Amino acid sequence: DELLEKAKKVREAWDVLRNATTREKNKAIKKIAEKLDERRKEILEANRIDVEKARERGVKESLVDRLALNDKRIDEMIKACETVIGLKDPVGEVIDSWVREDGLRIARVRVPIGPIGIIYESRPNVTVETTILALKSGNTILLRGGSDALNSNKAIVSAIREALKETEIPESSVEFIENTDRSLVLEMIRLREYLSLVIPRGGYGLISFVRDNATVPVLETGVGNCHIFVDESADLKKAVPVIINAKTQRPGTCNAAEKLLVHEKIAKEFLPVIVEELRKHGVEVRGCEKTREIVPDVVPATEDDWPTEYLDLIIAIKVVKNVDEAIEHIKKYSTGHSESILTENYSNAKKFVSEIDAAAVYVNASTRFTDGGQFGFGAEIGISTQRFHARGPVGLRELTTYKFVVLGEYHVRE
């Protein structure tokens, strides 16, 4: 039973890693960078097999590209190591601490969450990215990637463990499931005696499955049906690039704007402009009946459009009466990722920011910013969209919990 033996191994190794100094964990991560550099040949030969196998099966090249490695991409993995080494270790940070009226000292102190299961598909960089975030934060890791990237991931994991072997961090801090079979995923997300957290990455099918069936705590990096509302007093000239940025900079990633809500008092003036500009960038524009009264060639929006995240150069536009209707629309259709208001009105900005509950809520800013690098985290595993433990970018601090440390002088409870 590969899964059980490897889950036992990461749990045992955690006993050592959780109390390693940052110096030792940084040394391990530096060695990871060094072994990746040294094992380029092996990693690329393994990856050549994965790539030729995907091409044989007629996987389309945009997906092969997700799987493909070369020197530059190994360099990105190396740079990720260097970024993580430079980040502050959250382990041991005091959240707060005080002295009670009787002299008892109380503190809340951050500690590692425990072994993390990562269930992911085909991007081999994910192997390094998650590992180094886990190790830095004092967590072991159990990796299960896609059958497409299996050779690549073996070679990378082999390089990682070679590095670990030259430190005091046990090699079994990083274990990797070679059995691709997906029945294993169902077992893995129920292993509460070994894993403290699982984080699915990849398609929504896989994320839904893991989140629906897990008994181990999950951080769900959910769907991003993201709205931008253009209010009456928005600076319409500056609004245009924000909307374009949000939609077209990276349409395939989930903080892309999918929906545009537009105040009725500027709709006649603004819709012809924004629709023209969206079309210059290859965007297919769908619209409500009021949108279509104004710009008669837009594709008629259907009821299914409003909840749908396109992840493509497609957008649906609705005219709303005011910020109150904008809020009602977003509450009905948001998936709690990113939401933005473009306005010059203090009260409307304030109401929007207070009433819209999503991982990130913006005034006069692109939804593209919802990202750990942009938010000053350095590196992330992904964007959590749940209202539990962590929301937004999941970086080093989000991979910790805490405990109370209490220092007395033989204190007894009254």
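Numbering starts at 1 and follows the sequence shown.
With 371-379 and 44-52 compared on mean CA B-factor from the PDB entry, the stretch scoring higher is 371-379. Higher mean CA B-factor, judged across 336-344 and 118-126 from the recorded values: 118-126. For the set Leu191, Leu143, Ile327, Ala107, the PDB entry assigns the largest Cα B-factor to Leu191.
Per the PDB record, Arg211 has a higher Cα B-factor than any other of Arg286, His227, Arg211, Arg161. Sort the modelled residues of the chain by CA B factor and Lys321 lands in the middle third. In the PDB entry, a CA B factor belonging to the middle third of its chain's modelled residues is recorded for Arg39. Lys31: CA B factor lies in the lowest third for its chain, per the PDB record. In the deposited entry, the Cα temperature factor of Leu67 places it in the middle third of its chain's modelled residues. Looking at the C-alpha B-factors along this chain, the one for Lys237 belongs to the highest third.
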